[PDB]
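A quick write-up on the structure given underneath.
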Amino acid sequence: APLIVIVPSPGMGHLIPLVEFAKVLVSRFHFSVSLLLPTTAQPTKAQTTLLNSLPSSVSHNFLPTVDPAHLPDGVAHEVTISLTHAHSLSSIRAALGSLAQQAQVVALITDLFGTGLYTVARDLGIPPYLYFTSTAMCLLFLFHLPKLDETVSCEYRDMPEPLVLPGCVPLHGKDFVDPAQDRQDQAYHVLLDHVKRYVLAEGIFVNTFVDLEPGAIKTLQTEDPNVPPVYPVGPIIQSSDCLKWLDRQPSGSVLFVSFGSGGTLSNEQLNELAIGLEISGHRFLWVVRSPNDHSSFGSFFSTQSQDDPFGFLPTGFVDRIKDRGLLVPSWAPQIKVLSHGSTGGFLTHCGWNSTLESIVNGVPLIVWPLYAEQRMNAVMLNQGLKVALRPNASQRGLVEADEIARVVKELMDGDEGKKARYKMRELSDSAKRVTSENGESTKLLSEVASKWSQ
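Per full-length UniProt numbering, the sequence shown runs over residues 5 to 243, 252 to 466.
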């Protein structure tokens, strides 16, 4: 069985998407997958349990640890990730040498930060590939980032005019990816360094489909012959008290409100959201992430009782919404919620994983972007595809409760919500088509895989 080697960037956040890709490869084709994992620490229980859950065709090997002592403190995560790859490069070469004894290595696939491996792979006669985990629009943006860096002198937020990528919605500088928001930080230079090596990939898989991003994909595929082949092969997505609650609600009636593991809002903003949800009169499932108590000088909290996770919310709020709302602390089974017939909307931070789950389930959005490339995704979903509504922020940047109620009602009962819902269902239909047995996404992946089987 020919062997595909996959090298995820360190951290669960990078492991998960590539593990999903690994599962797709071994389930659809006659391939073995070997995960080589650069690391700065011993496996956690969570990573161990994920890796042990994989089929026998997928093996994994933690590389010799890079000591965090040999890494700079106080740098952005992207820098840490990049340096970890660099320090593991020798190990990966040795592992590839070892694996070549056991099987023929037909391909090497790495995340947007594994680009240092591509030359190494070419020299060993292994075609290297990028599994790109954001939008085609985001990839297009990155391919233009070198030219942008040269011709633009200010911080991108200070740009007078939005950037218009061919076939894409206009994109203001303040909505550029988070690594590019500070040109003075090492993270920015790291992103640039890796982007400049995308051209060395044999091909780039993007977790998207043509009908979703016709413009961006077309540009990527025909604007510049230098850019490697771009393969849209998505959507690829994974796959409990709140589900019991959802079961009891009418069909299409619940606004699911959830930011991710990494997004959190201010107390002031959470309170406007709570009151806005209440006054909308609509049903809602809200995954709440408590704001971390900020301990100013002279302040002393109580260890007497467990923090009520909802203690920060307005007095009487919880009692008032008992008829129509459920508050869930920290985590909910997102896919199950999005696929549940009771769910009629999703207030989301527009992470691509979350977005894709929503698209395949035909759930329209209220967009509330926070970090990474979310603001770019929000503009794409709202202005471009029109499958999302967007509340107007105040001059300060706070979204008021009256505005939140307006947009919740617009999505749930309003005509704009009807329009967004129909467009989202269209995309849901396309998504099901392209990933079917004979679908465009299925066929393309299969076509690329076939050259690995020789």
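For each residue, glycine too, the CB sits at the ideal point set by N, CA and C.
Residue i versus residue j: straight-line alpha-carbon distance, rounded
i	j	result
residue 174	residue 59	43 Å
residue 273	residue 448	31 Å
residue 89	residue 464	25 Å
residue 364	residue 385	9 Å
residue 14	residue 188	24 Å
residue 415	residue 405	8 Å
residue 339	residue 190	40 Å
residue 29	residue 37	8 Å
residue 167	residue 348	37 Å
residue 112	residue 7	9 Å
residue 346	residue 360	11 Å
residue 319	residue 254	21 Å
residue 314	residue 64	45 Å
residue 322	residue 226	52 Å
residue 238	residue 98	33 Å
residue 108	residue 241	29 Å
residue 439	residue 398	11 Å
residue 258	residue 25	30 Å
residue 444	residue 379	23 Å
residue 206	residue 298	43 Å
residue 368	residue 336	27 Å
residue 247	residue 456	Since the numbering of the chain jumps from 243 to 252, residue 247 cannot be located in this structure.
residue 330	residue 132	53 Å
residue 354	residue 265	6 Å
residue 371	residue 308	43 Å
residue 123	residue 342	42 Å
residue 143	residue 136	8 Å
residue 459	residue 129	20 Å
residue 186	residue 263	45 Å
residue 403	residue 9	44 Å
residue 374	residue 215	14 Å
Residue range of the unbroken alpha helix (DSSP H) whose run includes residue i
i	result
residue 192	190-199
residue 461	452-464
residue 67	Note, residue 67: premise wrong, no alpha helix (DSSP H); not H, not E.
residue 446	427-446
residue 144	140-155
residue 255	253-259
Residues of its chain near residue i, where Cβ-Cβ distance is below 6 Å and the 5 sequence neighbours each way are ignored
i	result
residue 289	296
residue 199	146, 149
residue 283	326
residue 161	177, 178
residue 461	33
residue 441	none
Residue range of the beta strand (DSSP E) that includes residue i
i	result
residue 358	355-360
residue 132	132-136
residue 350	Where residue 350 is concerned, there is no enclosing beta strand (DSSP E), although the alpha helix (DSSP H) it sits in stretches over 346-351.
residue 295	295-300
residue 37	36-41
Where residue i falls: helix, strand or coil (DSSP)
i	result
residue 81	helix
residue 333	coil
residue 283	helix
residue 56	helix
residue 12	coil
residue 270	coil
residue 111	strand
residue 121	helix
residue 76	coil
residue 87	helix
residue 325	coil
residue 339	strand
residue 116	coil
residue 128	coil
residue 7	strand
residue 277	coil
residue 262	coil
residue 312	coil
residue 99	helix
residue 105	helix
residue 290	helix
The ligand FMN heavy atom lying under 6 Å from the CB of residue i
i	result
residue 388	Among the components of this structure there are no ligands whatsoever, and the ligand FMN is therefore not found.
Contacting residues, own chain, Cβ-Cβ under 8 Å from residue i (five flanking each side not counted)
i	result
residue 279	303, 324
residue 427	none
Nonlocal neighbours in the same chain, by C-beta distance under 7 Å from residue i, ignoring five residues either side
i	result
residue 95	67, 68
residue 51	16, 19
residue 424	267, 294, 356, 357
residue 252	345
residue 362	379, 381, 386, 389, 390, 393
- [ ] Output the residue ranges of the alpha helix (DSSP H) runs that lie fully inside the region 362-417 and measure 4 residues or longer, sorted by chain position.
- [x] 364-373, 386-391
- [ ] Only counting runs of 3 or more residues, tell me where the beta strand (DSSP E) segments fall wholly within the region 158-243, in order along the chain.
- [x] 207-210, 234-236
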